[PDB]
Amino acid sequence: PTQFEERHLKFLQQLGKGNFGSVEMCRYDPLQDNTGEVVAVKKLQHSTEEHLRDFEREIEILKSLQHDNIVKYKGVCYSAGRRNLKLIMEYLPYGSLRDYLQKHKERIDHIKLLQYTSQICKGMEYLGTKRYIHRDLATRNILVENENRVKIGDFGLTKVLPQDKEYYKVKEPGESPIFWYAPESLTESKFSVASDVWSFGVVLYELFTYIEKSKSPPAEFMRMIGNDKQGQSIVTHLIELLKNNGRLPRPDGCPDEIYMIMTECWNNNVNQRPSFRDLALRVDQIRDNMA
């Protein structure tokens, strides 16, 4: 069932590419008659021992997850051995929520945005039960199954909390999604349920801007940082801005109670951010009040 042989994988098209790995749309066709299931397949380009260990950890996390709002794991292809593993996930033709929302915004009202928001909270609450910190919550990493269902994707950075600590410190982090990071993640590389809640605030911001390009978190933070950037890195300007209570502005058209939720997620103190359970409850009630 979870056994996939390289000889039966047929390349259909490219679906994405990072700095060290990529995603392809393949058909898994053991009958060789083109009736096989279409799947999304991840592989690494530059396979260093550390990238390999991270990839194996991503696969172990995916094997453990079964939820309606989490992308379905199918298996792994071990044909070329440990050095060239391939991860097999369900293929979702609607793609990312970031792209789907930009494409279908004329048929996606605030009530629909809140239905997606609730599903994301539910998926996140489930991750929390397993002590998993997603670390890359963003609309580009949430996938769409249909008009009524979204699923949390890209578990490439997901970490498991230590048994006795409420945070995981990442010893050696590569290129990071800084405009979605909590301040303690930027300054101390500390990741927790509370830093996933901060990122969730940024996701909610993305949704309510309807992915208007000029309003993206990098566009707004870069404008807020200003023109006079001499002497310090962008991460340094970002750390200072957030310490001085600089925040993404309220999208025009955004309900006040939704912006209030974002501002609470963006508390500088890890211990003062809302829980995903409370976020689901609040979002569900705002959505019920709208209709």
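One rule holds for the numbers: they count along the sequence shown, beginning at 1.
Of the two stretches examined, 256-264 and 238-246, the record assigns the greater average C-alpha temperature factor to 238-246. Stretches 200-208 and 185-193 differ in mean CA B factor, with 185-193 having the higher one.
Residue-level inspection of the entry shows that, of 72, 110, 149, 215, 215 has the top Cα B-factor. Comparing C-alpha B-factors across 123, 81, 93, 156 in the deposited entry, the largest value falls on 81. Per-chain ranking of the deposited C-alpha B factor places residue 172 in the highest third. Among all modelled residues in its chain, residue 115 ranks in the middle third by Cα B-factor.
Per-chain ranking of the deposited C-alpha B factor places residue 165 in the highest third.
In this PDB entry, residue 106 carries a Cα temperature factor that places it within the highest third of its chain's modelled residues. Compared with the other modelled residues of the chain, the Cα B-factor recorded for residue 27 ranks in the lowest third.
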